[PDB]
Amino acid sequence: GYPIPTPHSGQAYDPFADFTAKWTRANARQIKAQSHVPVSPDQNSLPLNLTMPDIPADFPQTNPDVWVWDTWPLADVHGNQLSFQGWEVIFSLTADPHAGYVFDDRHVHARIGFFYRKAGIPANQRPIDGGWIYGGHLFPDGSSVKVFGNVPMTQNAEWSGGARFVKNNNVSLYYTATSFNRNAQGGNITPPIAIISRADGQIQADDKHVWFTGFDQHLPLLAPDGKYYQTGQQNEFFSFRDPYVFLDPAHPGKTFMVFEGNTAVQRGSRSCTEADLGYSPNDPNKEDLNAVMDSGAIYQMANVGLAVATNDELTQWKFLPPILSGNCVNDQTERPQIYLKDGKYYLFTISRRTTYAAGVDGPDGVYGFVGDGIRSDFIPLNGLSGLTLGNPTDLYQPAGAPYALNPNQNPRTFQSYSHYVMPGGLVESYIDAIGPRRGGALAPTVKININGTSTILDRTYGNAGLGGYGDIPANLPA
C-alpha cells in the first residue's frame with residue numbers, strides 16, 4: 001500500500017555550497033504508513049514513541065493577564081541556557097486576552113515579553129504554573145516598527161527568535177519584525193513585510209527582580225531575496241521568520257543562522273520536480289508528478305534557510321542556499337533549530353497537519369532530520385519519515401481546527417505547538433487547544449531520547465512523560 005522511502009546519506013557539504021536536502025513525498029508518506037487505526041475509545045493513530053502524552057485539561061495559565069505562546073530561554077551561541085545572578089529568564093510572544101481580539105487573531109498584536117524565576121529549584125518544588133514572574137514588554141513601544149521605515153501599515157508585530165547573552169549591552173535579541181497593511185476583514189492591501197532583526201539591551205538583576213535597558217536601536221538583518229527565499233510579491237501568504245543564531249564548531253570563525261522560508265517561486269507555479277516526490281521509477285506506490293501538481297500540492301513549498309554573518313559584530317548577514325525543502329509536502333517548517341549530539345547535526349522544525357500538501361498527512365508537532373553537517377543530505381528521523389513528536393492524532397479522520405474541533409478527531413490533536421529542544425533533549429512548548437479550552441500557556445516540559453536516526457518520547461520522565469508546566473531550566477550561570 002505504501003511507497004519505499006527516499007534514502008538519504010547524511011553526507012555533509014560546504015555550508016556555502018549549492019545543495020538542498022529534500023523532505024520528499026515518499027519520506028513524508030512514511031508517517032501514515034507507520035500509523036494504526038485507533039482502537040475505540042483511543043483516538044491516537046501515531047506510534048506511541050512519537051506521541052506527546054495527553055496534557056491535563058485543567059492546566060494552569062503561565063500568567064492570568066497575558067496570552068503566552070512561542071517561548072525561548074536566555075542562551076549563548078552554543079545553545080546553553082543561562083541563569084543571570086541566580087535567576088532563570090525566558091522570552092515569549094505575548095498578547096492581551098481581554099483587548100477585543102480572539103486567540104487566533106493573536107499574531108498581528110504580538111509583543112516580546114520576558115519572565116523570570118529563582119534558579120536551582122526542581123520543577124516539582126515550584127508552583128504548578130512554573131512560578132514565572134512577568135516582567136512586561138522587552139522592547140520600548142515604537143522601537144521595533146522603525147525597521148520598516150515610512151510604509152503603509154495598520155499593524156506591526158514582534159515574532160520569534162533567540163536571546164544571545166554576549167556597548168555595556170550583554171543581550172542580543174534576534175527576532176522577526178512583521179508589518180501588516182490589512183482591511184478590517186484581515187485581507188492584505190499590500191503583502192506583509194517580514195524582516196529578521198536584531199536589538200541589543202542590558203539584563204540587570206538584584207534580589208527582588210530582573211529588568212532590561214536598551215533595545216532602542218533595531219537593526220534589519222535579512223528580508224527575503226526572491227532567489228532562495230520567497231517574497232510577499234511572489235506569495236502574499238509567504239513565511240519568513242524564526243532566526244536561530246548558532247556557532248558550528250566545524251566552522252569556528254563563523255556565526256550562522258537557520259530560519260523558516262518558502263521556496264522562492266511565484267504562487268501557483270508548477271515548480272515541483274521528481275526529486276520532491278522521491279520515488280524509484282519502479283515503486284508501484286509511486287505518484288505521477290503532474291497528478292501531484294494538479295492536486296494543488298504546488299501551494300506547499302516550505303524551506304529552512306541558512307545565513308552567515310559577514311562582519312565580526314554580526315550586524316551584517318548574507319543568505320546561503322536553503323538546507324531543507326518540503327516542496328509539494330508541507331508549506332510550514334517553522335522554528336528550525338540546529339541541535340548538536342554525538343558529533344551529529346539534528347535539524348528540528350515544527351509543522352502543522354493542515355499545511356500538508358494533498359496526498360500527504362501527519363500531525364502537528366516536531367519534525368527532525370540528522371546529518372554530518374549544517375548542510376547535509378539530511379536523514380528524516382524515525383523510519384525516514386521526519387516525524388519526531390506529534391500531538392495525539394487520528395490521521396484516518398479529518399484534522400478540524402483549534403477553533404472548531406472535529407468531534408471524530410482527538411481533542412488534543414492541537415494540544416501543543418512551537419516545540420523547542422533544550423539541552424539533554426527536554427522539549428518546551430505552549431498549549432493551543434485542549435477540547436473547548438484555548439491555552440496561551442506553557443505546556444508541560446517533555447523529554448525525547450535522541451538515538452542516531454530515531455527518537456523515543458521518554459515516558460519515565462515526570463508523570464508518564466509530562467514534566468513541569470513551562471519548565472525551561474538554565475544548565476549554566478551567565
# chains A, B, ... in the order shown; residues from 1 in each chain; ligands from 1
call {"tool": "residues_around", "arguments": {"residues": "range 179-186 of chain A", "least_positions_apart": "2", "cutoff": "6 Å", "atoms": "only C-alpha atoms", "output": "list in words"}}
result
residues 153, 154, 155, 156, 188, 189, 190, 192 and 193 of chain A
call {"tool": "residues_around", "arguments": {"residues": "residue 405 in chain A", "least_positions_apart": "4", "cutoff": "9 Å", "atoms": "only C-alpha atoms", "output": "PyMOL selection string"}}
result
chain A and resi 399-401+409-411+413-414+433+435-436
call {"tool": "atom_distance", "arguments": {"atom1": "CA of residue 25 in chain A", "atom2": "CA of residue 412 in chain A"}}
result
25.9 Å
call {"tool": "select_by_dssp", "arguments": {"residues": "range 163-406 of chain A", "states": "strand (DSSP E or B)", "output": "PyMOL selection string"}}
result
chain A and resi 163-165+171-182+188-205+210-222+229+241-246+256-263+301-309+317-327+330+334-341+344-351+356+365-371+376+379-380+387-390+401+404
call {"tool": "residues_around", "arguments": {"residues": "residue 257 in chain A", "least_positions_apart": "5", "cutoff": "10 Å", "atoms": "only C-alpha atoms", "output": "VMD selection string"}}
result
chain A and resid 174 242 to 247 305 to 309 317 to 320 336 to 338
call {"tool": "write_last_selection", "arguments": {"atoms": "C-alpha atoms", "output": "PDB file, in the first residue's frame"}}
result
ATOM      1  CA  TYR A 174      17.349  38.175  17.086  1.00  0.00           C
ATOM      2  CA  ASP A 242      12.248  32.389  13.420  1.00  0.00           C
ATOM      3  CA  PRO A 243      16.011  33.158  13.431  1.00  0.00           C
ATOM      4  CA  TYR A 244      18.117  30.514  15.282  1.00  0.00           C
ATOM      5  CA  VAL A 245      21.665  32.037  15.619  1.00  0.00           C
ATOM      6  CA  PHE A 246      24.396  29.440  16.470  1.00  0.00           C
ATOM      7  CA  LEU A 247      28.110  28.508  16.329  1.00  0.00           C
ATOM      8  CA  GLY A 305      17.166  28.761   5.126  1.00  0.00           C
ATOM      9  CA  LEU A 306      20.781  29.314   6.190  1.00  0.00           C
ATOM     10  CA  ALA A 307      22.518  32.733   6.564  1.00  0.00           C
ATOM     11  CA  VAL A 308      26.087  33.602   7.665  1.00  0.00           C
ATOM     12  CA  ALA A 309      27.367  36.787   9.394  1.00  0.00           C
ATOM     13  CA  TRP A 317      24.358  38.850   7.173  1.00  0.00           C
ATOM     14  CA  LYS A 318      24.265  37.049   3.762  1.00  0.00           C
ATOM     15  CA  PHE A 319      21.820  34.349   2.502  1.00  0.00           C
ATOM     16  CA  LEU A 320      23.191  30.861   1.702  1.00  0.00           C
ATOM     17  CA  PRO A 336      14.176  25.468  12.714  1.00  0.00           C
ATOM     18  CA  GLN A 337      16.966  24.703  15.237  1.00  0.00           C
ATOM     19  CA  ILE A 338      20.411  23.017  14.899  1.00  0.00           C
TER      20      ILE A 338
END
call {"tool": "decode", "arguments": {"residues": "range 310-338 of chain A", "atoms": "N, CA, C and O atoms", "output": "mmCIF file, in the first residue's frame"}}
result
data_model
loop_
_atom_site.group_PDB
_atom_site.id
_atom_site.type_symbol
_atom_site.label_atom_id
_atom_site.label_comp_id
_atom_site.auth_asym_id
_atom_site.auth_seq_id
_atom_site.Cartn_x
_atom_site.Cartn_y
_atom_site.Cartn_z
ATOM 1 N N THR A 310 28.613 38.376 8.012
ATOM 2 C CA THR A 310 29.688 38.848 7.100
ATOM 3 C C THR A 310 30.585 39.871 7.802
ATOM 4 O O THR A 310 31.540 40.291 7.153
ATOM 5 N N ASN A 311 30.288 40.286 9.042
ATOM 6 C CA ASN A 311 31.197 41.162 9.842
ATOM 7 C C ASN A 311 31.364 40.567 11.254
ATOM 8 O O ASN A 311 30.547 39.706 11.642
ATOM 9 N N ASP A 312 32.397 40.992 11.991
ATOM 10 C CA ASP A 312 32.723 40.477 13.352
ATOM 11 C C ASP A 312 31.620 40.859 14.346
ATOM 12 O O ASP A 312 31.412 40.108 15.287
ATOM 13 N N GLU A 313 30.928 41.974 14.129
ATOM 14 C CA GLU A 313 29.865 42.488 15.037
ATOM 15 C C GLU A 313 28.539 41.733 14.839
ATOM 16 O O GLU A 313 27.635 41.920 15.668
ATOM 17 N N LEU A 314 28.421 40.905 13.793
ATOM 18 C CA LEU A 314 27.188 40.150 13.440
ATOM 19 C C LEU A 314 26.041 41.136 13.167
ATOM 20 O O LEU A 314 24.899 40.830 13.531
ATOM 21 N N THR A 315 26.319 42.290 12.557
ATOM 22 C CA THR A 315 25.287 43.309 12.213
ATOM 23 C C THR A 315 24.957 43.231 10.725
ATOM 24 O O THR A 315 23.945 43.822 10.337
ATOM 25 N N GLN A 316 25.769 42.484 9.961
ATOM 26 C CA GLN A 316 25.590 42.229 8.511
ATOM 27 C C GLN A 316 25.590 40.719 8.272
ATOM 28 O O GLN A 316 26.432 39.997 8.862
ATOM 29 N N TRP A 317 24.645 40.273 7.450
ATOM 30 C CA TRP A 317 24.358 38.850 7.173
ATOM 31 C C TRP A 317 24.131 38.670 5.671
ATOM 32 O O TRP A 317 23.693 39.619 5.027
ATOM 33 N N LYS A 318 24.386 37.460 5.180
ATOM 34 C CA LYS A 318 24.265 37.049 3.762
ATOM 35 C C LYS A 318 23.486 35.732 3.736
ATOM 36 O O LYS A 318 23.754 34.845 4.607
ATOM 37 N N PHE A 319 22.569 35.602 2.776
ATOM 38 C CA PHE A 319 21.820 34.349 2.502
ATOM 39 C C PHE A 319 22.757 33.296 1.919
ATOM 40 O O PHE A 319 23.579 33.639 1.066
ATOM 41 N N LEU A 320 22.620 32.055 2.380
ATOM 42 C CA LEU A 320 23.191 30.861 1.702
ATOM 43 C C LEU A 320 22.040 30.025 1.167
ATOM 44 O O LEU A 320 20.872 30.290 1.469
ATOM 45 N N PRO A 321 22.317 29.060 0.267
ATOM 46 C CA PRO A 321 21.250 28.223 -0.266
ATOM 47 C C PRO A 321 20.497 27.548 0.881
ATOM 48 O O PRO A 321 21.055 27.343 1.957
ATOM 49 N N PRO A 322 19.199 27.223 0.700
ATOM 50 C CA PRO A 322 18.423 26.528 1.727
ATOM 51 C C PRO A 322 18.987 25.139 2.056
ATOM 52 O O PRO A 322 19.457 24.466 1.144
ATOM 53 N N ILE A 323 18.903 24.713 3.319
ATOM 54 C CA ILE A 323 19.451 23.393 3.759
ATOM 55 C C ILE A 323 18.382 22.299 3.717
ATOM 56 O O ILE A 323 18.783 21.111 3.661
ATOM 57 N N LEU A 324 17.090 22.651 3.696
ATOM 58 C CA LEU A 324 15.984 21.670 3.568
ATOM 59 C C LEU A 324 14.834 22.299 2.791
ATOM 60 O O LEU A 324 14.515 23.477 3.046
ATOM 61 N N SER A 325 14.208 21.542 1.897
ATOM 62 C CA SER A 325 12.931 21.950 1.263
ATOM 63 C C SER A 325 11.878 20.864 1.483
ATOM 64 O O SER A 325 12.247 19.661 1.570
ATOM 65 N N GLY A 326 10.615 21.283 1.583
ATOM 66 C CA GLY A 326 9.455 20.382 1.635
ATOM 67 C C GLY A 326 8.460 20.695 0.536
ATOM 68 O O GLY A 326 7.258 20.645 0.833
ATOM 69 N N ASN A 327 8.936 21.011 -0.674
ATOM 70 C CA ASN A 327 8.076 21.349 -1.843
ATOM 71 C C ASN A 327 7.130 20.185 -2.141
ATOM 72 O O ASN A 327 7.590 19.022 -2.153
ATOM 73 N N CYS A 328 5.853 20.502 -2.336
ATOM 74 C CA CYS A 328 4.733 19.555 -2.599
ATOM 75 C C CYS A 328 4.595 18.589 -1.405
ATOM 76 O O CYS A 328 3.995 17.514 -1.583
ATOM 77 N N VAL A 329 5.077 18.972 -0.213
ATOM 78 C CA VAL A 329 4.932 18.146 1.027
ATOM 79 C C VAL A 329 4.253 18.969 2.129
ATOM 80 O O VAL A 329 3.251 18.491 2.688
ATOM 81 N N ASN A 330 4.794 20.130 2.486
ATOM 82 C CA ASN A 330 4.203 20.964 3.559
ATOM 83 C C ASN A 330 4.633 22.412 3.339
ATOM 84 O O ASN A 330 5.759 22.617 2.874
ATOM 85 N N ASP A 331 3.772 23.374 3.663
ATOM 86 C CA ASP A 331 4.090 24.807 3.462
ATOM 87 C C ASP A 331 4.873 25.371 4.655
ATOM 88 O O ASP A 331 5.464 26.475 4.488
ATOM 89 N N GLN A 332 4.919 24.665 5.788
ATOM 90 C CA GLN A 332 5.490 25.218 7.041
ATOM 91 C C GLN A 332 6.573 24.309 7.612
ATOM 92 O O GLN A 332 6.255 23.185 8.003
ATOM 93 N N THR A 333 7.802 24.817 7.691
ATOM 94 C CA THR A 333 8.894 24.258 8.523
ATOM 95 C C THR A 333 9.358 25.404 9.416
ATOM 96 O O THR A 333 10.242 26.191 8.969
ATOM 97 N N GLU A 334 8.743 25.515 10.596
ATOM 98 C CA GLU A 334 8.868 26.701 11.484
ATOM 99 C C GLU A 334 9.893 26.412 12.582
ATOM 100 O O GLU A 334 10.255 25.230 12.783
ATOM 101 N N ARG A 335 10.325 27.474 13.267
ATOM 102 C CA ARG A 335 11.338 27.444 14.353
ATOM 103 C C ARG A 335 12.360 26.344 14.071
ATOM 104 O O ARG A 335 12.532 25.420 14.857
ATOM 105 N N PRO A 336 13.111 26.427 12.957
ATOM 106 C CA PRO A 336 14.176 25.468 12.714
ATOM 107 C C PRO A 336 15.254 25.704 13.778
ATOM 108 O O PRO A 336 15.510 26.843 14.139
ATOM 109 N N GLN A 337 15.838 24.623 14.277
ATOM 110 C CA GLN A 337 16.966 24.703 15.237
ATOM 111 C C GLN A 337 17.996 23.626 14.877
ATOM 112 O O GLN A 337 17.619 22.561 14.356
ATOM 113 N N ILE A 338 19.268 23.954 15.069
ATOM 114 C CA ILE A 338 20.411 23.017 14.899
ATOM 115 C C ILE A 338 20.821 22.575 16.298
ATOM 116 O O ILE A 338 21.215 23.424 17.100
#
